[PDB]
Structure formats: structure tokens, C-alpha cells
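> I'd like to ask you about the structure that follows.
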Amino acid sequence: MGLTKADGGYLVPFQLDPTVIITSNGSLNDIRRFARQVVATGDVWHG
Amino acid sequence: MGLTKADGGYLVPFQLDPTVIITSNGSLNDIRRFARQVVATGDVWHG
Amino acid sequence: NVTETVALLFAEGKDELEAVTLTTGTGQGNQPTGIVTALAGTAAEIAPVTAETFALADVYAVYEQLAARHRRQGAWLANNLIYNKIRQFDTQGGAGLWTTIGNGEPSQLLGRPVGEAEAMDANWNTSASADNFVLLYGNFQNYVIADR
Amino acid sequence: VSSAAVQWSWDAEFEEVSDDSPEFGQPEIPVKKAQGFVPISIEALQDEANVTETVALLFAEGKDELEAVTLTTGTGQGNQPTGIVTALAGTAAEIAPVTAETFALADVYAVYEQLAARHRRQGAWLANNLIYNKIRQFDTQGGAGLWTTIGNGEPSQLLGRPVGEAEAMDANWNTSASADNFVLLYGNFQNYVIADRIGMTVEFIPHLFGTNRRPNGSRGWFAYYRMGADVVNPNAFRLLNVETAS
Amino acid sequence: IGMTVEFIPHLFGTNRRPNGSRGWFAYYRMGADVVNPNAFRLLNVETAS
């Protein structure tokens, strides 16, 4: 009578941590810190 | 992305009712209610 | 909690796509144009002092060839590997001593702010591309991000 | 539970989107058990004085040794938990040295840089002392590679990051006959989980028995331990392997 | 004696050394019979083979 599923093993609780673990490298760019941002209305912006 | 484990199914909790369900017939007898009960102080009871 | 999880995943995906697109966007088809492809083959491209070699003289050159109106307001951009190769230039503790091992990354290079870009090219030896654009300096006020 | 990120794309006008449902995974950690035993005769227990405490001390020493070595390198298979190096071995976390069969300064920078910048900021170093001394020996002219000076202890920081010590990792790539030698390790250590179940417990067995199931005049000491560990995301590390011409 | 349960703290294996196991022992004593078989009238329905 041990830890096998049939021999009393159904009595153990199931433990799970809900938090998800993100396994994507991602990317880090600072261009937006140095560049120029201008709001556009329509399809193209001319200068 | 549904209920298959690889498609988010690992996210659902686990439900379990801890109590056990006894699947044995048992047996009902009433001899002990009618029989004469004597305490034995040894190995053999003589009358 | 599917909704919050997927909102998080959307945020991560958008952030990852935007960064690489601005770093090296092809500029054709359905893609905006990245700075590296914009400055490719134009007057801004410089060749090193000697073939397949990157030394302190190249950094000084890339800084100095610019016009003075643009030099006095600008910032760097490169992959972390490039900054480390800069850090390995000094051996004899002379004027290439950017910083000593054991300390974190610095914040200035030749008096100018320095920034990091992951998607930019990293290694010119292990990679198989013929060209490797590795270092960048200029007045980033001339790069326009138009958002709708 | 682990997962990944949605895959966006640049699409033209009037274009049907693509199915971007991320996939999910479930890292799991089994819990294993360790044991030990010391039988004793009656005469020894009666004559030799102050033996129980000495045996307790020996039990503690053995447990600590086993636990440290297993955490460093556990095969994962059979009854053993998984060590960090065993888990990372063969995976894309492996790196090759710039020049074969050589440990140079550039290798540190490579191991530090090829890692993703999300993790680089909160990583830590871990290796043997021999490797740290090898690093300290790099400088000759007092240039950039001047970690610290002779006549001083071991430094507390490398590249602004914490440093750690582990004996049970490989040290020499020439003396040993193993083809591969994992000498240096750097990564985010929040992705290594240790499961603790119960601490060391010692129980006293009054009587042992012989072949014919009758007492033979001996006593025992039983001790056991439960623990388990593994790696949930193996892409957060950049172990370095100097593989030799075996 | 009524139902008694004992707890065995250690079980041994093939080489007379522990295998990390525990047990529950339970035993019960009783005996019974009839005194005078003239006070009963048991009935059996005889079935021929």
C-alpha cells in the first residue's frame, strides 16, 4: 500500500501554482527614447 | 484554444471529493442480540 | 483568469514585434522602415580602417566624421556584444579604460548618452550574412515615428 | 504552468488574420527520498562511550555532502533529482569557447552577453574556485581585466552581478578524461525550483534480527530526507562547455 | 478480547534491514457453539440431483 495510483495513491491532493511562466525572450529597444514622435491624421505625413 | 490540456486545459483547477465511497455489501445479522453472552477467562469454556 | 492572461500575452507580443520592426524593418510590402535599412547603402555607411577588424580607431572615426551641428546632440545605438568588445580594447590601462571588470554597464561614451538595441546585428564572425551593421551614431531627431 | 506570447504580424488591408493561440506547458517536479543506516552491536554500545552524539554528527555531515552534490549534479533519472548542470546539458543553453580547449577573457563576456536582456539584469554567477582564480590571473598590465589585486580576498561582484561558489562542478579540462567540462554558469536563478518536504529525522531501532528471524544482539539508527528540484525554463541560463579532444 | 490495533514502527526486508515501511496489526479472539440441540427445529428443503 504505497504511492502507486491504485494502491491508495488517489488520496494525495493535487498541488498546482496558478501563476504562468513566460518563456519568451522579448526584445528591448530604446529608439523610442531618442526618436521623434509626431501624431498623424490620415494615411501619410508630409514635410 | 479550448479544453485540451496543451491548449489551455492545463489552466483549469482540479476538483475532488475527499470522502471515500465504500463498495462492499457488508452483512446484517442479529445473533448477538439473541445469543447468550458469557465472558471467557481462559482457553476453553466448560458447562 | 483567461482574460487577464491573454491580455498580458497580447501586450508582450505587440511590444516584441514593434521593437524588431523599428530596428530592422524592411520598409517594403506591409512593413514600416527600420533605421538600419534606411541608412543602408546611403552616404551614412562607413567602412572600417582594416578589413574584418574593429578597433578603437573605428569608434573615434564614426564619432568624428559627423558634422558639428549633429555631433553636439546625439546618442549611440548598438548590441550589448558590441559594447563588451569596446570594453575589451584596453589591455595596458591606457586611454581605452572604459571601465574595470567587476562593475556594471556605463552610461556615457565620449560624453554622449548610450542606448541598447537587441535586434541589431551582433557577431560578424559566426553569422553568415555578408554585411554586418554593428554601430550607430547620429542626431535621432531626424528619425520620425508617425503613430496613428 | 508556463506559456509563451502572442505572435503578431504586419498584414495588408482586407486580409484574413492568422490563428495566434499560444501553447501551454506544465513543468512538474517529483519529490525523492534519501536514506542511511548505521547498525551497532550491544557490546559496542555498552563499552564505547559517547557514541550516539558522534553518530549524529556523522549523519549530519553525510546528509549535507549528499545534498550539495546532488543539487550541483543530479542525473534526474532513476531515484535522483535533477541538478542544474544535468538539466542544462545539451540544451541550447550550451556555449562553445572561442578557441577550442582554452579559457580566455572573452569567454566571460560571451557567456554574459548571449543571454537575453530580460534575464541578464537579475542573474548571478556560479562556478568553482579554480575558475575564479583563473579569471583573477588574466590581468598583467593593470588594464580593464583587473578584477582585484593579490593580497586580497575573493571579490564579491563580477560585472556588477553577484558571485557564487560550488565545489562539485568541473575544474580542469585537461587532467580529467571526460570529453566535456562545464566550468562556468550564469543565468537567472529564479528559474530553479527546490521542493522541500521534510528535514532529516533520526529514529532508533531497538532490536535487529538474523537469518532465522530471532534477535542477534544489535541495534540500529535510521535517518531519511525528502527533497526534489528541477528547472522550469532552461533558456534563462548560458552554461559554458570547454569540450576537449577526447 | 475485543478488537485491538497495534502500530508497528518498522518493517524489515530481505537482508534484515529496514525498507522504510509501517504497518497496522489487528486481532480478535472468540469462540462459539450450541449447548442443547433439542431446542431448535432447522428446516431443509431436500433437492434430488
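In the C-alpha cells, chains take the letters A, B, ... in the order shown, each chain's residues start at 1, and ligands count up from 1 in the order shown.
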Could you make a table, as a Markdown table, of the residues of segment 34-145 of chain C that have an atom within 7 Å of an atom of segment 25-43 of chain A, each with its nearest atom pair and distance in Å to one decimal, counting only C-alpha atoms, in chain and number order?


| residue | atom | partner | partner_atom | distance |
| --- | --- | --- | --- | --- |
| C:115 | CA | A:30 | CA | 6.0 |
| C:116 | CA | A:29 | CA | 6.0 |
| C:117 | CA | A:29 | CA | 4.6 |
| C:118 | CA | A:28 | CA | 5.9 |
| C:140 | CA | A:35 | CA | 5.1 |
| C:141 | CA | A:36 | CA | 5.5 |
| C:143 | CA | A:35 | CA | 5.6 |
| C:144 | CA | A:36 | CA | 5.0 |
| C:145 | CA | A:37 | CA | 5.0 |

> How would the residues just picked look written out with N, CA, C and O atoms as a PDB file, in the first residue's frame?


ATOM      1  N   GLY C 115      22.483  53.863 -25.784  1.00  0.00           N
ATOM      2  CA  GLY C 115      21.290  53.055 -25.688  1.00  0.00           C
ATOM      3  C   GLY C 115      21.509  51.678 -26.288  1.00  0.00           C
ATOM      4  O   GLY C 115      22.468  51.441 -27.024  1.00  0.00           O
ATOM      5  N   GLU C 116      20.589  50.774 -25.965  1.00  0.00           N
ATOM      6  CA  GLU C 116      20.713  49.369 -26.314  1.00  0.00           C
ATOM      7  C   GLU C 116      19.644  48.972 -27.319  1.00  0.00           C
ATOM      8  O   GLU C 116      18.501  49.427 -27.248  1.00  0.00           O
ATOM      9  N   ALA C 117      20.029  48.111 -28.258  1.00  0.00           N
ATOM     10  CA  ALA C 117      19.095  47.589 -29.247  1.00  0.00           C
ATOM     11  C   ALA C 117      19.392  46.113 -29.447  1.00  0.00           C
ATOM     12  O   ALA C 117      20.465  45.756 -29.938  1.00  0.00           O
ATOM     13  N   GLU C 118      18.443  45.257 -29.068  1.00  0.00           N
ATOM     14  CA  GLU C 118      18.683  43.821 -29.129  1.00  0.00           C
ATOM     15  C   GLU C 118      18.689  43.296 -30.558  1.00  0.00           C
ATOM     16  O   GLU C 118      19.564  42.504 -30.917  1.00  0.00           O
ATOM     17  N   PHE C 140      19.181  61.676 -33.385  1.00  0.00           N
ATOM     18  CA  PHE C 140      17.962  60.904 -33.586  1.00  0.00           C
ATOM     19  C   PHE C 140      16.723  61.765 -33.747  1.00  0.00           C
ATOM     20  O   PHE C 140      15.631  61.215 -33.906  1.00  0.00           O
ATOM     21  N   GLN C 141      16.852  63.088 -33.705  1.00  0.00           N
ATOM     22  CA  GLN C 141      15.712  63.930 -34.028  1.00  0.00           C
ATOM     23  C   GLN C 141      15.312  63.802 -35.488  1.00  0.00           C
ATOM     24  O   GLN C 141      14.212  64.219 -35.858  1.00  0.00           O
ATOM     25  N   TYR C 143      14.983  60.905 -37.066  1.00  0.00           N
ATOM     26  CA  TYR C 143      14.229  59.675 -37.259  1.00  0.00           C
ATOM     27  C   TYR C 143      12.828  59.920 -36.729  1.00  0.00           C
ATOM     28  O   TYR C 143      12.660  60.243 -35.550  1.00  0.00           O
ATOM     29  N   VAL C 144      11.829  59.780 -37.594  1.00  0.00           N
ATOM     30  CA  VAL C 144      10.462  60.179 -37.289  1.00  0.00           C
ATOM     31  C   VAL C 144       9.613  58.934 -37.104  1.00  0.00           C
ATOM     32  O   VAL C 144       9.602  58.054 -37.970  1.00  0.00           O
ATOM     33  N   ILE C 145       8.907  58.861 -35.982  1.00  0.00           N
ATOM     34  CA  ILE C 145       7.952  57.792 -35.723  1.00  0.00           C
ATOM     35  C   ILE C 145       6.562  58.395 -35.772  1.00  0.00           C
ATOM     36  O   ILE C 145       6.186  59.172 -34.888  1.00  0.00           O
TER      37      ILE C 145
END

> Show me, as a compact mmCIF listing (two decimals) with N, CA and C atoms, in the first residue's frame, every residue of chain D with an atom at most 8 Å from chain C, counting only C-alpha atoms.


# COMPACT_ATOMS: atom_id res chain seq x y z
N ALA D 4 3.76 31.12 -23.57
CA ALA D 4 4.54 31.97 -24.46
C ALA D 4 3.67 33.17 -24.84
N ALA D 5 4.09 33.92 -25.86
CA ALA D 5 3.47 35.19 -26.20
C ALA D 5 2.81 35.13 -27.57
N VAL D 6 1.77 35.95 -27.74
CA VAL D 6 1.03 36.01 -29.00
C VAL D 6 1.95 36.49 -30.11
N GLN D 7 1.73 35.96 -31.32
CA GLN D 7 2.58 36.25 -32.47
C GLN D 7 1.86 37.20 -33.42
N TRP D 8 2.18 38.49 -33.32
CA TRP D 8 1.60 39.48 -34.21
C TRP D 8 2.26 39.42 -35.58
N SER D 9 1.71 40.18 -36.53
CA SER D 9 2.28 40.28 -37.86
C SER D 9 1.78 41.55 -38.53
N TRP D 10 2.51 41.99 -39.55
CA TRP D 10 2.11 43.14 -40.36
C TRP D 10 1.29 42.62 -41.52
N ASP D 11 0.00 42.95 -41.54
CA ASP D 11 -0.88 42.49 -42.59
C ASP D 11 -1.41 43.66 -43.41
N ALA D 12 -1.62 43.40 -44.70
CA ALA D 12 -2.17 44.40 -45.61
C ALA D 12 -3.67 44.57 -45.37
N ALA D 106 37.55 36.64 -23.12
CA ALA D 106 36.37 36.84 -23.95
C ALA D 106 35.26 35.85 -23.64
N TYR D 109 32.74 37.33 -21.25
CA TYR D 109 31.86 38.28 -21.90
C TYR D 109 30.84 37.56 -22.78
N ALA D 110 31.25 36.49 -23.45
CA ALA D 110 30.32 35.75 -24.30
C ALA D 110 29.20 35.14 -23.47
N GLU D 113 26.86 37.79 -22.40
CA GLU D 113 26.16 38.60 -23.38
C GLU D 113 25.15 37.82 -24.21
N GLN D 114 25.40 36.54 -24.49
CA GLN D 114 24.49 35.82 -25.37
C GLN D 114 23.13 35.60 -24.71
N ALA D 117 18.31 39.87 -22.61
CA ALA D 117 18.50 41.01 -21.72
C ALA D 117 17.42 41.06 -20.64
N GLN D 141 48.94 43.86 -17.02
CA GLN D 141 49.38 45.24 -17.10
C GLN D 141 48.51 46.19 -16.29
N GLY D 142 47.56 45.68 -15.53
CA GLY D 142 46.63 46.54 -14.82
C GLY D 142 45.67 47.27 -15.74
N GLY D 143 45.13 46.58 -16.74
CA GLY D 143 44.19 47.19 -17.66
C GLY D 143 42.75 47.01 -17.25
N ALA D 144 41.89 46.68 -18.21
CA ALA D 144 40.47 46.54 -17.91
C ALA D 144 40.18 45.26 -17.15
N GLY D 145 40.99 44.23 -17.35
CA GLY D 145 40.73 42.95 -16.73
C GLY D 145 41.28 42.83 -15.32
N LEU D 146 41.37 43.95 -14.61
CA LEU D 146 41.93 43.97 -13.26
C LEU D 146 40.80 43.82 -12.26
N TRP D 147 40.45 42.58 -11.94
CA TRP D 147 39.33 42.33 -11.04
C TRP D 147 39.65 42.78 -9.62
N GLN D 157 31.73 40.80 -6.44
CA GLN D 157 30.94 41.15 -7.61
C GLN D 157 31.76 40.98 -8.88
N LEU D 158 31.11 40.48 -9.92
CA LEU D 158 31.71 40.39 -11.25
C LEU D 158 30.73 40.98 -12.24
N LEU D 159 31.20 41.94 -13.05
CA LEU D 159 30.37 42.68 -13.98
C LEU D 159 29.13 43.26 -13.31
N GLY D 160 29.28 43.65 -12.05
CA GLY D 160 28.18 44.21 -11.29
C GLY D 160 27.16 43.21 -10.81
N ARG D 161 27.43 41.92 -10.94
CA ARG D 161 26.50 40.86 -10.60
C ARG D 161 27.04 40.00 -9.47

> Using only C-alpha atoms, find the one residue out of E:39, E:9, E:44, E:1 that sits nearest to residue 24 of chain E.

E:9

> Select, from E:41, E:22, E:29, E:16, the residue with the minimum atom-to-atom distance to chain A, counting only C-alpha atoms.

E:22

> Please check the contacts: residues of chain D at most 8 Å away from chain A, using only C-alpha atoms, listed as a ChimeraX atom specification.

/D:1-5,116-118,233,235

> Taking only C-alpha atoms into account, find every residue of chain E that has an atom no more than 10 Å from chain B, and write it out as JSON, numbers by chain.

{"E": [1, 30, 31, 32, 34, 35]}

> If I take atom CA of residue 26 of chain C and atom CA of residue 73 of chain C, how far is one from the other in Å, to one decimal?

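It comes out at 27.3 Å.
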
> For atom CA of residue 109 of chain C and atom CA of residue 132 of chain C, determine how far apart the two atoms are, in Å to one decimal place.

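Atom-to-atom, atom CA of residue 109 of chain C and atom CA of residue 132 of chain C are spaced 21.6 Å apart.
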
> Residues of chain E were defined as contacting chain D if any atom lay at most 12 Å from it, counting only C-alpha atoms; please report them as an NGL selection string.

:E and (8-21)

> Neighbours of residue 119 of chain D within 9 Å (only C-alpha atoms; same-chain residues fewer than 2 positions away dropped), as a list in words?

residues 25 of chain A; 115, 116, 117, 121, 122, 123, 187, 188, 236 and 237 of chain D

> Atoms to include: C-alpha atoms. Write the selected residues as a PDB file, in the first residue's frame.


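See out29.pdb below for the written result:
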ATOM      1  CA  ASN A  25      12.814  36.258 -24.779  1.00  0.00           C
TER       2      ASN A  25
ATOM      3  CA  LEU D 115      21.776  35.659 -22.697  1.00  0.00           C
ATOM      4  CA  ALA D 116      18.526  37.547 -23.250  1.00  0.00           C
ATOM      5  CA  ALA D 117      18.495  41.010 -21.717  1.00  0.00           C
ATOM      6  CA  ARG D 121      19.714  42.120 -15.319  1.00  0.00           C
ATOM      7  CA  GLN D 122      18.855  39.729 -12.468  1.00  0.00           C
ATOM      8  CA  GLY D 123      21.316  36.880 -12.949  1.00  0.00           C
ATOM      9  CA  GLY D 187      21.752  32.873 -15.587  1.00  0.00           C
ATOM     10  CA  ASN D 188      18.617  33.920 -13.765  1.00  0.00           C
ATOM     11  CA  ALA D 236      17.409  31.517 -18.789  1.00  0.00           C
ATOM     12  CA  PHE D 237      20.983  30.220 -18.425  1.00  0.00           C
TER      13      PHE D 237
END

> What does the distance from atom CA of residue 227 of chain D to atom CA of residue 124 of chain D come to in Å, to one decimal?

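Calculated distance between atom CA of residue 227 of chain D and atom CA of residue 124 of chain D is 23.5 Å.
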
> Using only C-alpha atoms, tabulate the residues of chain B lying at most 12 Å from any atom of chain C, each with its closest atom pair and that distance in Å to one decimal, by chain and increasing residue number, as CSV.


residue,atom,partner,partner_atom,distance
B:1,CA,C:2,CA,10.6
B:2,CA,C:2,CA,10.9
B:7,CA,C:2,CA,11.8
B:8,CA,C:2,CA,8.7
B:9,CA,C:2,CA,10.9
B:10,CA,C:2,CA,11.6
B:11,CA,C:2,CA,8.4
B:12,CA,C:1,CA,9.5
B:13,CA,C:1,CA,11.2

> Using DSSP on the backbone coordinates, identify all residues within segment 55-198 of chain D classified as strand (DSSP E or B); present the result as a list in words.

residues 75, 82, 95, 124, 125, 126, 127, 157, 158, 161, 162, 165, 182, 183, 184, 185, 186, 187, 192, 193, 194, 195, 196, 197 and 198 of chain D

> Could you write out the selected residues, including C-alpha atoms, as a compact mmCIF listing (two decimals), in the first residue's frame?


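Result written to selection.txt:
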# COMPACT_ATOMS: atom_id res chain seq x y z
CA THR D 75 21.13 12.66 -13.06
CA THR D 82 17.86 16.91 -11.28
CA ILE D 95 28.11 27.53 -25.44
CA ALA D 124 24.17 35.57 -10.85
CA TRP D 125 27.46 33.74 -11.33
CA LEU D 126 28.23 30.21 -10.13
CA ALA D 127 31.40 28.17 -10.56
CA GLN D 157 30.94 41.15 -7.61
CA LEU D 158 31.71 40.39 -11.25
CA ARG D 161 26.50 40.86 -10.60
CA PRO D 162 26.63 38.54 -7.58
CA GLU D 165 30.76 29.15 -5.10
CA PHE D 182 31.05 22.51 -17.75
CA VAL D 183 33.20 25.07 -15.95
CA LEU D 184 31.15 28.28 -15.78
CA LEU D 185 27.46 29.02 -15.37
CA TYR D 186 25.48 32.26 -15.43
CA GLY D 187 21.75 32.87 -15.59
CA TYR D 192 15.49 26.78 -10.46
CA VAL D 193 12.92 25.42 -8.00
CA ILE D 194 13.67 23.37 -4.88
CA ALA D 195 10.88 21.35 -3.27
CA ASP D 196 11.34 20.69 0.44
CA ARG D 197 9.16 18.05 2.09
CA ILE D 198 10.70 17.11 5.45
